[PDB]
Amino acid sequence: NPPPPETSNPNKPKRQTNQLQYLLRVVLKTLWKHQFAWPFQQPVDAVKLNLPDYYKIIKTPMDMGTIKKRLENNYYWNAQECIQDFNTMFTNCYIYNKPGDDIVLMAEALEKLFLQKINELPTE
Amino acid sequence: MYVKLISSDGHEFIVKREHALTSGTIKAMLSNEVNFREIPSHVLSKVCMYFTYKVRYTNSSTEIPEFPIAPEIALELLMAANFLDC
Amino acid sequence: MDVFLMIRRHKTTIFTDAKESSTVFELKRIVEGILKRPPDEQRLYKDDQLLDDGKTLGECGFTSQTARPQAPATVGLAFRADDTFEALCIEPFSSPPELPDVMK
Amino acid sequence: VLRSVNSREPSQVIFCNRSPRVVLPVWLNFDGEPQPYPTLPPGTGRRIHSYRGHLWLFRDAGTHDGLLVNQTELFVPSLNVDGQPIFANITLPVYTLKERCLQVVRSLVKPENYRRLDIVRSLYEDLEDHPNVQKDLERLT
Ligand SMILES: Cc1cc([C@H](C(=O)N2C[C@H](O)C[C@H]2C(=O)N[C@@H](CC(=O)NCCCCNC(=O)C[C@@H]2N=C(c3ccc(Cl)cc3)c3c(sc(C)c3C)-n3c(C)nnc32)c2ccc(-c3scnc3C)cc2)C(C)C)on1
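Described below are features of the structure shown in this document. (Residues numbered from 1 in each chain as written, not as in the entry; some residues may be left out. Chains lettered and ligands numbered in written order. Heavy atoms only, no water. Residues with missing side-chain atoms left out of burial classes, pairs and counts.)

Re the environment of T23 of chain C
Residue and element names in this part refer to chain C.
- Tracing the backbone shows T23 in the loop between β2 (12–19) and α1 (24–35).
- As a C-alpha pair, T23 and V102 span 79 residues in sequence and 48 Å in three-dimensional space.
- Setting aside residues up to four positions removed in sequence, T23 forms contacts with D53, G54, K55, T56 and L57.
- A distance of 3.2 Å separates the side chain of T23 from the backbone nitrogen of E26, its partner in a polar contact. (Helix = DSSP H or I, 4+ residues; strand = E, 2+ residues; numbered from the N terminus. Contact = heavy atoms within 4.5 Å. Polar contact = N/O pair within 3.5 Å; in protein donor to acceptor, adjacent residues only side chain to side chain.)

Below you can see the structure in the form of structure tokens.
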């Protein structure tokens, strides 16, 4: 497995907003405790799972552990930067796996929940 | 082999003794007729339905259906089930 | 196929099962065993419709899907009263309270 | 005590939901940890590639009420005799009327409003004792 995505950068401006706090304390917390969270809380272990092509095909891996650590480290500039990371995590799953694999259904349930929560984001 | 269970409002419910023994309270009381001054007929009729359901679907086959409970009777039914020990 | 019933008259409710192939007469025999009145002294009803003794419960519309243990079908009962049958009269059960606002 | 064995010996299983509930199949991993799998709508079934020694339990996806598989709590598939798949029939238990009533009240009342209900003190403790996989796993041992 390659090194996971960075979750803190001296060269990247750090920032805290009320939307980024909501994304951590409400959205991430709810999704992290979800029944279908468990394959997405850590980077894809291509070694244990025997997926060689995974990190060859998926050039921008993302997981909820990385997003959580990023939120916690004030890594994101704004909410959209964080939401893009969640989207990438889901999109990676839809790209690599065929339709109607169990993992794709779990991602679809998390994403449906994610969109609902994000629909009630308080404004800047 | 029947028992008569009379609700607080005077309705009489005649059920098989075997079915009424589903209640641990009724089983202890009978250890003919049982009056319940605190259980109304809309609740006691539903308890009797549960007795039939429990006897029919206990160990008797696969595919158990749901016992339905309307929101309106739920709290009173809960209090009766708690007292009757079934 | 068993059909689960509530035979009701006034403030009396009998909980009893029967086959779909069993007759209305066979149900009157059940009633006679409990309430000590012969079949000729009884009138059985589905809603306001008088049921014929020789009809099977299935022919009367009582199925297993519609007469379940947890939701039994109601059979109205009227007894003989002197020179005529009494009017079918089923006293309604008590009413639940208003649904609390903490539930609604 | 309660975990899957890492056998890597494939075993085809048929999950069949013969309950009126939505089923959450829960796979207990090699460390005993519950790893829920995609749900089964009432009256539906799915073939799954599982393995010998893998241990499963089945819950109501919305309330975490315990369900039965082959008339018991746990399911561990054997090796397929002549390729024929192993059947996991999921059903409702015959809950007690009091547990069924607790389930219904819990589904209508938010946990913070339990103590606003005109019921006895002991019924508050019963409502707040939500059905839960970790609680049930300790008892099963
Ligand atoms: C040996 C051995 C193997 C096992 C376990 C195992 O196989 N188990 C445990 C239980 O006994 C059940 C069984 C199992 O999951 N069988 C699954 C495997 C599966 O669907 N994988 C996706 C295919 C793409 C293949 N590619 C991938 O693996 C993609 C990868 N999948 C998953 C993934 C896939 C499925 C599910 Cl439900 C959850 C996560 C994944 C991650 S990260 C992560 C931590 C995991 C595990 N992931 C993310 C994120 N994005 N993609 C993925 C299965 C389910 C249904 C079927 C069938 S057969 C006919 N119709 C169907 C649908 C066939 C297989 C193992 C899961 C630990 O134990 N011992």
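Quick notes on the nonpolar core
- One finds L5 of chain B together with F15, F58, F75 and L97 of chain D to be the most contacted residues of the largest nonpolar core, which totals 59 residues.
- Mapped onto the domain boundaries, this core takes at least three residues apiece from domain 1 (10–91) and domain 2 (97–140) of chain D.
- Counting 35 residues, the second largest nonpolar core, distinct from the first, contains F40 and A107 of chain A together with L55 and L57 of chain D. (Core = buried A, V, L, I, M, F, W, Y, C linked by side-chain atoms within 4.5 Å. Buried < 20%, exposed > 50% of the residue type's maximum accessible area, 1.4 Å probe, protein only. Domains from an automatic or database assignment.)

Topic: the packing of helix α1 (residues 18–32) of chain A against helix α3 (residues 64–73) of chain A
All names here are of chain A.
- Look at α1 against α3: their axes get within 10 Å of each other, and the N-to-C directions meet at 155°. Here α1 lies roughly antiparallel to α3, going by the angle between them. Here α1 runs over α3; the crossing is left-handed. Where α1 approaches α3, its residues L20, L23, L24, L28, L31 and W32 are matched on the opposing element by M64, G65, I67, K68, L71 and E72. (Axes fitted to C-alpha atoms, helices over the stretch in contact; angles between N-to-C directions. Parallel < 35°, antiparallel > 145°, perpendicular 65-115°, else oblique. Left-handed = near helix turned anticlockwise from the far one by under 90°.)

Describing the site of the ligand
- Taken together, 20 residues sit near the ligand, with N97 of chain A together with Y37, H49, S50 and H54 of chain D positioned nearest.
- The ligand is flanked by residues contributed from chains A and D.
- One nitrogen or oxygen atom from the side chain of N97 of chain A is found 3.1 Å from a nitrogen atom belonging to the ligand.
- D102 of chain A has a polar side-chain atom sitting 3.4 Å from an oxygen atom of the ligand.
- Contact with the protein chains hides 72% of the accessible area of the ligand, taken as 1200 Å² for the molecule alone.
- Taken together, the elements giving at least two residues each to the shell around the ligand come down to α5 (102–118) of chain A together with β4 (45–51) of chain D.
- Ranked by the residues each element gives to the shell around the ligand, the list is headed by β4 of chain D, at four residues.
- Among the residues making up the shell around the ligand, the classes are represented as twelve nonpolar, five polar and three charged. (Near = heavy atom within 4 Å. Areas by Shrake-Rupley, 256 points an atom, 1.4 Å probe, with all protein chains shown as cover. Nonpolar A, V, L, I, M, F, W, Y, C, P; charged D, E, K, R; others polar.)

Some points on the arrangement of the chains
- Summarising the chain contacts, four pairs of chains touch, and the pair with the most contacts is chains B and C.
- One finds no contact linking chain A with chain C; the least C-alpha distance across the pair is 23 Å.

Let's talk about the packing of α1 of chain A against α5 of chain A
All names here are of chain A.
- The N-to-C vectors of α1 and α5 enclose an angle of 155°; their axes lie 10 Å apart at closest approach. Relative to α5, the element α1 is oriented roughly antiparallel. For the element pair α1 and α5, the recorded crossing hand is right-handed. Residues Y22, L23, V27, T30 and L31 of α1 touch α5, and the partners they reach there are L110, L113, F114, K117 and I118.
- Its residues placed into classes, the contact of α1 with α5 shows eight nonpolar, one polar and one charged.

A closer look at the sheet that holds strand β3 (residues 34–36) of chain D
Residue and element names in this part refer to chain D.
- Across the sheet, three strands lie side by side as β3-β2-β5; this open sheet has antiparallel pairing. What marks the edges here is a single partner per strand, and that holds for β3 and β5 (55–60). Along the sheet, successive strands turn relative to each other by an average axial angle of 35°, direction set aside.
- Of the strand pairs in this sheet, strand β2 (residues 23–28) and β3 are connected by three bridges, and their pairing is antiparallel. Its bridge partner lying in β3, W27 is registered against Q35. (Pairing = 2+ DSSP bridges.)

Quick look at the pattern of salt bridges
- Inspection of every chain in the model, using the stated rule, returns 18 salt bridges over all chains.
- Two residues, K16 of chain B and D17 of chain C, come together in a salt bridge whose shortest N-O distance is 3.0 Å. Here the residue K16 of chain B occupies a position in strand β2 (residues 12–16), and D17 of chain C occupies one in strand β2, the pair thus bridging two chains.
- Owing to a relative accessible area of 27%, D17 of chain C belongs among the partly exposed residues under this scheme. (Salt bridge = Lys/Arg side-chain N within 4 Å of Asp/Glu carboxyl O.)

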